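*Asks:* Please read through the structure below; I'll follow up with questions.
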Amino acid sequence: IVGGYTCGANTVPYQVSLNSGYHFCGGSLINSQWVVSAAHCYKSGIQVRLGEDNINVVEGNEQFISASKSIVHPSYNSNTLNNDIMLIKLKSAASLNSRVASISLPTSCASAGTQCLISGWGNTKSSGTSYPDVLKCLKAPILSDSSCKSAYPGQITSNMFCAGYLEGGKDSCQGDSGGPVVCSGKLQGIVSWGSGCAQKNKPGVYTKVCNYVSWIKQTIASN
Ligand SMILES: CC(C)COc1cccc(-c2nc3cc(C(N)=[NH2+])c(F)cc3[nH]2)c1[O-]
Ligand SMILES: [Ca+2]
C-alpha cells in the first residue's frame, strides 16, 4: 500500500496473508472455512495466515491453516485478468471472534464516489521494493467508469472497477494482490492490477465482486 497508514493490530479482522514460506498475496475471510483472493495469486502449497498484524513475528491471535483446495474461476483469463477471483477452502475451520471475523458479500454493486478501505502488506514504494512488517490501510474512492476507461482504454471489462487517486501517491501495489476493498462493510473489490503503483492517472483496478456473488455462493455450496 503506498501513501497509506498503519491499520492498528487486528482492526481488519477479515484480512488474511497467503504464505508459501513468505507473504505473496492477501485474501479476505468470508466464512470460517473459505477465503476469496485473486486467481493470479494461485499456486499450490498455500498456508493461510489469519489474525496477523506483523507477518515476521508471532505476537498472538494468529491461526495458520493450510488450504484444502483453491478454485480459480473457470473463465479466468491470465492475459486480461478478467474474472481474477479464486476461492480457497481451509483444511479446518478458523475460530471466529473479534480479531478474526469474516466480511459480508455485497447485495448491490457500489457507485463511483463510494469511499472504501484497502489493506495489505504489499509494497509501500512506487519506485523500488519496501515491504512492511505490519498491515497498512488506505481509504480510496471508487472512480466513475469513464475515468476508469480513459485511464486504461480497452483494458477494463464489466468485471473490474477502478478506485484510487488520479493525482498518484496513494494506491495498492504488488503484495496487496488478492486482498480486500471493503465499502460500507461489504467486500466490493479484490486488489487485481494497475500500471505501476501510485502513478498519476493510473489507478488500481479491482475485481467487481458483486458480479460473482451467485458464483461464490453456488461454488461454496457444491464443495
Ligand atoms: C506472486 C503473484 C501474486 C505476482 O503478482 C504481482 C506481481 C507484480 C505486480 C502485481 C501488482 N501490481 C499491482 C499494482 C496495483 C495498483 N497500481 N493499484 C494493483 F491494484 C495490484 C497490483 N498487483 C502483482 O499482483
Ligand atoms: Ca505475526
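The way I read the labels, and the way they are meant: chains A, B, ... in the order of the C-alpha cells, residue 1 as the first residue of every chain, and ligand 1 as the first ligand shown, with later ones counted on from there.
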Write out as a tab-separated table (two decimals) with C-alpha atoms, in the first residue's frame all residues of region 66-218 of chain A that backbone DSSP assigns to helix (DSSP H, G or I).

*Replies:*
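Result written to result_33.tsv:
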```tsv
chain	number	residue	atom	x	y	z
A	145	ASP	CA	-16.42	4.11	-15.45
A	146	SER	CA	-15.46	6.93	-17.78
A	147	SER	CA	-12.38	7.87	-15.72
A	148	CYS	CA	-11.50	4.16	-15.36
A	149	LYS	CA	-11.79	3.67	-19.21
A	150	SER	CA	-9.92	6.89	-20.05
A	151	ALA	CA	-7.12	5.60	-17.84
A	209	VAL	CA	-17.17	-8.86	-6.50
A	210	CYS	CA	-20.93	-8.01	-6.74
A	211	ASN	CA	-20.83	-9.79	-10.20
A	212	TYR	CA	-19.60	-13.04	-8.59
A	213	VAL	CA	-21.85	-13.39	-5.56
A	214	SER	CA	-24.14	-16.08	-7.17
A	215	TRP	CA	-20.97	-17.96	-8.29
A	216	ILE	CA	-19.25	-17.77	-4.86
A	217	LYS	CA	-22.47	-18.96	-3.20
A	218	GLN	CA	-23.06	-21.87	-5.74
```

*Asks:* Quick one: residues within 10 Å of ligand 2, with only C-alpha atoms and all ligand atoms, as a CSV table (one decimal) with N, CA, C and O atoms, in the first residue's frame?

*Replies:*
```csv
chain,number,residue,atom,x,y,z
A,9,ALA,N,-3.1,-3.2,15.0
A,9,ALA,CA,-3.3,-4.7,15.1
A,9,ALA,C,-4.7,-5.1,15.2
A,9,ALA,O,-5.5,-4.5,16.0
A,49,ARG,N,-2.8,-17.4,6.7
A,49,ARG,CA,-2.5,-16.8,8.0
A,49,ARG,C,-3.5,-15.8,8.3
A,49,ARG,O,-3.6,-14.7,7.7
A,50,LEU,N,-4.3,-16.1,9.4
A,50,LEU,CA,-5.4,-15.2,9.9
A,50,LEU,C,-4.9,-14.5,11.2
A,50,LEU,O,-4.0,-15.0,11.8
A,51,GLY,N,-5.5,-13.5,11.6
A,51,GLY,CA,-5.2,-12.7,12.8
A,51,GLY,C,-3.8,-12.1,12.8
A,51,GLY,O,-3.2,-11.8,13.8
A,52,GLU,N,-3.3,-11.9,11.6
A,52,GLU,CA,-1.9,-11.3,11.5
A,52,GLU,C,-1.9,-9.8,11.6
A,52,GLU,O,-2.8,-9.2,11.3
A,53,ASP,N,-0.7,-9.3,11.9
A,53,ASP,CA,-0.5,-7.9,12.0
A,53,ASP,C,0.9,-7.8,11.6
A,53,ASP,O,1.2,-7.3,10.5
A,54,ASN,N,1.8,-8.2,12.4
A,54,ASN,CA,3.3,-8.1,12.0
A,54,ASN,C,3.5,-9.5,11.3
A,54,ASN,O,3.5,-10.4,12.1
A,55,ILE,N,3.7,-9.6,10.1
A,55,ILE,CA,4.0,-11.0,9.5
A,55,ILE,C,5.3,-11.7,9.7
A,55,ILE,O,5.4,-12.8,9.4
A,56,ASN,N,6.2,-11.0,10.3
A,56,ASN,CA,7.5,-11.7,10.6
A,56,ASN,C,7.7,-12.1,12.1
A,56,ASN,O,8.7,-12.7,12.4
A,57,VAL,N,6.7,-11.8,12.9
A,57,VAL,CA,6.8,-12.1,14.4
A,57,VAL,C,5.5,-12.8,14.9
A,57,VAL,O,4.5,-12.3,14.5
A,58,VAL,N,5.5,-13.9,15.6
A,58,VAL,CA,4.2,-14.5,16.1
A,58,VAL,C,4.0,-13.5,17.4
A,58,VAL,O,4.9,-13.4,18.2
A,59,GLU,N,2.9,-12.9,17.6
A,59,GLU,CA,2.6,-12.0,18.7
A,59,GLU,C,1.4,-12.5,19.4
A,59,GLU,O,1.1,-12.0,20.5
A,60,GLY,N,0.7,-13.4,18.9
A,60,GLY,CA,-0.6,-14.0,19.5
A,60,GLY,C,-1.7,-13.6,18.6
A,60,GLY,O,-1.7,-12.6,17.9
A,61,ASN,N,-2.8,-14.4,18.5
A,61,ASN,CA,-4.0,-14.2,17.7
A,61,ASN,C,-3.8,-14.8,16.4
A,61,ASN,O,-4.8,-14.9,15.6
A,62,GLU,N,-2.7,-15.3,16.0
A,62,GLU,CA,-2.5,-16.0,14.7
A,62,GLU,C,-3.1,-17.4,14.6
A,62,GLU,O,-3.0,-18.2,15.5
A,63,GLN,N,-3.6,-17.7,13.4
A,63,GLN,CA,-4.2,-19.1,13.2
A,63,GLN,C,-3.5,-19.3,11.8
A,63,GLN,O,-3.7,-18.5,10.9
A,133,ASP,N,6.2,-4.8,7.7
A,133,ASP,CA,6.1,-6.0,8.6
A,133,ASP,C,4.6,-5.9,9.1
A,133,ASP,O,4.0,-6.9,9.2
A,134,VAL,N,4.0,-4.7,9.3
A,134,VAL,CA,2.6,-4.7,9.7
A,134,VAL,C,1.7,-4.2,8.6
A,134,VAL,O,2.1,-3.5,7.7
```

*Asks:* Taking only C-alpha atoms and all ligand atoms into account, list the residues no farther than 7 Å from ligand 1, as a list in words.

*Replies:*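 I would give the residues around ligand 1 as residues 24, 25, 40, 41, 171, 172, 173, 174, 175, 176, 177, 191, 192, 193, 194, 195, 196, 197, 198, 202, 203, 204, 205 and 206 of chain A.
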
*Asks:* Of the candidates A:184, A:68, A:102, A:107, which shows the shortest atom-to-atom distance to residue 87 (chain A), using only C-alpha atoms?

*Replies:*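 The shortest atom-to-atom distance to residue 87 (chain A) comes from A:68.
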
*Asks:* For CA of residue 39 (chain A) and CA of residue 130 (chain A), determine how far apart the two atoms are, in Å to one decimal place.

*Replies:*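 Spanning CA of residue 39 (chain A) to CA of residue 130 (chain A) is a straight-line distance of 24.1 Å.
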
*Asks:* Give me, as CSV, the closest atom pair and its distance (Å, one decimal) for every residue of region 163-185 of chain A within a cut-off of 12 Å of region 71-86 of chain A, counting only C-alpha atoms, rows sorted by chain and rising number.

*Replies:*
```
residue,atom,partner,partner_atom,distance
A:177,CA,A:84,CA,10.3
A:178,CA,A:85,CA,7.9
A:179,CA,A:85,CA,10.5
A:180,CA,A:85,CA,11.5
```

*Asks:* Smallest atom-to-atom distance to residue 113 (chain A): which of A:163, A:70, A:153, A:91, using only C-alpha atoms?

*Replies:*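 Distance minimum relative to residue 113 (chain A) lands on A:163.
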
*Asks:* Within region 25-109 of chain A, find each residue whose DSSP state, derived from the backbone, is strand (DSSP E or B), and express the selection as a PyMOL selection string.

*Replies:* chain A and resi 25-31+34-37+47-50+54+63-72+77+82+86-90+104

*Asks:* Could you turn the residues from that selection into a file that holds C-alpha atoms, as a PDB file, in the first residue's frame?

*Replies:*
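Saved the output as selection27.pdb:
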```
ATOM      1  CA  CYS A  25      -0.780 -12.116  -1.646  1.00  0.00           C
ATOM      2  CA  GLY A  26      -3.677 -11.028   0.548  1.00  0.00           C
ATOM      3  CA  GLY A  27      -7.158 -12.530   0.792  1.00  0.00           C
ATOM      4  CA  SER A  28     -10.477 -11.992   2.642  1.00  0.00           C
ATOM      5  CA  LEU A  29     -12.102 -14.406   5.072  1.00  0.00           C
ATOM      6  CA  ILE A  30     -15.765 -14.830   4.011  1.00  0.00           C
ATOM      7  CA  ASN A  31     -16.881 -17.660   6.321  1.00  0.00           C
ATOM      8  CA  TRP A  34     -13.367 -20.066   2.979  1.00  0.00           C
ATOM      9  CA  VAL A  35     -11.217 -17.169   1.792  1.00  0.00           C
ATOM     10  CA  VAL A  36     -11.606 -15.163  -1.520  1.00  0.00           C
ATOM     11  CA  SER A  37      -8.387 -13.958  -3.205  1.00  0.00           C
ATOM     12  CA  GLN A  47      -0.790 -21.662   4.102  1.00  0.00           C
ATOM     13  CA  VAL A  48      -3.458 -19.081   5.067  1.00  0.00           C
ATOM     14  CA  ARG A  49      -2.478 -16.821   7.995  1.00  0.00           C
ATOM     15  CA  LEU A  50      -5.426 -15.216   9.875  1.00  0.00           C
ATOM     16  CA  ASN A  54       3.278  -8.110  11.950  1.00  0.00           C
ATOM     17  CA  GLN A  63      -4.157 -19.057  13.201  1.00  0.00           C
ATOM     18  CA  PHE A  64      -2.062 -20.743  10.372  1.00  0.00           C
ATOM     19  CA  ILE A  65      -4.275 -23.212   8.434  1.00  0.00           C
ATOM     20  CA  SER A  66      -3.340 -24.973   5.155  1.00  0.00           C
ATOM     21  CA  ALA A  67      -5.633 -24.593   2.105  1.00  0.00           C
ATOM     22  CA  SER A  68      -7.684 -27.837   1.270  1.00  0.00           C
ATOM     23  CA  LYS A  69      -8.411 -26.719  -2.443  1.00  0.00           C
ATOM     24  CA  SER A  70      -8.070 -23.462  -4.389  1.00  0.00           C
ATOM     25  CA  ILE A  71     -10.791 -22.952  -7.070  1.00  0.00           C
ATOM     26  CA  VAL A  72      -9.736 -20.398  -9.723  1.00  0.00           C
ATOM     27  CA  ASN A  77      -8.023 -15.153 -18.437  1.00  0.00           C
ATOM     28  CA  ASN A  82     -10.787 -10.828 -16.475  1.00  0.00           C
ATOM     29  CA  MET A  86     -10.280 -17.524  -6.581  1.00  0.00           C
ATOM     30  CA  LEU A  87     -11.879 -19.284  -3.580  1.00  0.00           C
ATOM     31  CA  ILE A  88      -9.637 -21.197  -1.126  1.00  0.00           C
ATOM     32  CA  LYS A  89     -11.250 -23.734   1.214  1.00  0.00           C
ATOM     33  CA  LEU A  90      -9.270 -24.158   4.503  1.00  0.00           C
ATOM     34  CA  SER A 104     -20.038  -9.896   4.139  1.00  0.00           C
TER      35      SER A 104
END
```

*Asks:* Please provide the set of residues having any atom within 9 Å of residue 95 (chain A), restricted to only C-alpha atoms, with same-chain residues fewer than 5 positions apart removed, written as a compact mmCIF listing (two decimals) with N, CA and C atoms, in the first residue's frame.

*Replies:*
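Produced file selection-v5.txt, reproduced below:
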```txt
# COMPACT_ATOMS: atom_id res chain seq x y z
N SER A 32 -16.06 -19.18 8.11
CA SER A 32 -14.89 -19.80 8.78
C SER A 32 -14.12 -20.82 7.99
N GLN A 63 -3.62 -17.71 13.45
CA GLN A 63 -4.16 -19.06 13.20
C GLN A 63 -3.50 -19.31 11.83
N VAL A 100 -10.64 -12.12 14.44
CA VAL A 100 -10.70 -12.89 13.20
C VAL A 100 -12.17 -12.88 12.98
N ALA A 101 -12.63 -12.30 11.92
CA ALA A 101 -14.07 -12.26 11.65
C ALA A 101 -14.20 -12.31 10.13
```

*Asks:* Find the distance between CA of residue 169 (chain A) and CA of residue 19 (chain A) and write it in Å to one decimal.

*Replies:*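 Result for CA of residue 169 (chain A) versus CA of residue 19 (chain A): 27.5 Å, one decimal.
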